[PDB]
DNA sequence: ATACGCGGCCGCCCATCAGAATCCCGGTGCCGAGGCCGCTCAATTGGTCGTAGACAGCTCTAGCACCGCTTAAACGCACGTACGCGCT
């Protein structure tokens, strides 16, 4: 009986997932969340279904980029798994915040 | 030939006059608001025309809601491997 050796599945997908364009985040929950905050400035406002996507794309890509910076720093240390600080470390250096 | 005298020397406590050092009052240099000001060219003033844009009417897209059949994706847990990370 058989189970793939660790780290054999993850890379395979990386690429599969790298080749394609299609969004990873969910249409319903995303939307609800967007509505949640927008209400908190002013309550009960509307957006064209696309207007929601416009918003959805700009952030989905945004993370994937940060994860990439997080990874280099994980590597720089002789490590293998993106730890917390690395993200923060990354955040601090970019000096966005 | 043999015995007495003393002489400046000196430690002693005791006296006089100048110099060192702290406190009572100080001048000096640096920084930053002030004042002065004056020739003047950019804002203000009084004024006309016209056009953006507020506004009200209107219609006509699309954002919401809502439902249920279908199912892919998320979930949670079980088991172990191969890394995080600690030490030397």
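Numbering (our numbering), first residue to last: 4 to 100.
By construction, the Cβ of each residue, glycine as well, lies at the ideal position given by its N, Cα and C atoms.
With fewer than 16 neighbouring CB atoms inside 10 Å of its own CB, residue 84 falls in the exposed class. DSSP places residue 63 in the helix class (H, G or I) of the three-state scheme. For residue 50, no alpha helix (DSSP H) segment is defined, and its DSSP state is neither H nor E. Looking at the backbone, the Cα of residue 87 and that of residue 46 are separated by about 35 angstroms.
For residue 13, the enclosing alpha helix (DSSP H) starts and ends at 13-22. Between residue 55 and residue 37, the C-beta spacing is below 9 angstroms. In this structure, DSSP gives residue 29 a state outside helix and strand, which the three-state scheme calls coil.
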